[PDB]
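J.: So that we are looking at the same thing, I have put the structure below in structure tokens.
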Amino acid sequence: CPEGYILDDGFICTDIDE
């Protein structure tokens with residue numbers, strides 16, 4: 001996951017949509 005798409009909850013690819 002690139003910039004903006006970070007790791008949340010328990011270190012998982014989180015969404016964003018720009």
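Within each chain, counting starts at residue 1; across the structure tokens, chains are named A, B, ... in the order shown, with ligands numbered 1 upward in that order.
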Which residues are close to residue 16 of chain A, i.e. within 9 Å by only C-alpha atoms, leaving aside same-chain residues fewer than 6 positions away? Reply as a PyMOL selection string.
T.: chain A and resi 4-6
J.: When DSSP is applied to the backbone of this structure, which of chain A are assigned strand (DSSP E or B)? Write them out as a short mmCIF file (atom, residue, chain, number, x, y, z; two decimals) with N, CA and C atoms, in the first residue's frame.
T.:
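Here's the written file selection_9.cif:
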data_model
loop_
_atom_site.label_atom_id
_atom_site.label_comp_id
_atom_site.auth_asym_id
_atom_site.auth_seq_id
_atom_site.Cartn_x
_atom_site.Cartn_y
_atom_site.Cartn_z
N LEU A 7 -1.32 1.21 7.49
CA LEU A 7 -1.70 -0.06 8.19
C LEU A 7 -2.49 0.32 9.46
N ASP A 8 -3.74 -0.07 9.54
CA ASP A 8 -4.59 0.25 10.75
C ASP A 8 -5.18 -1.04 11.37
N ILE A 12 -3.04 -3.79 8.84
CA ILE A 12 -3.67 -4.27 7.55
C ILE A 12 -3.85 -3.09 6.57
N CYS A 13 -3.84 -3.37 5.27
CA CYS A 13 -3.99 -2.28 4.23
C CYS A 13 -5.35 -1.58 4.37
#
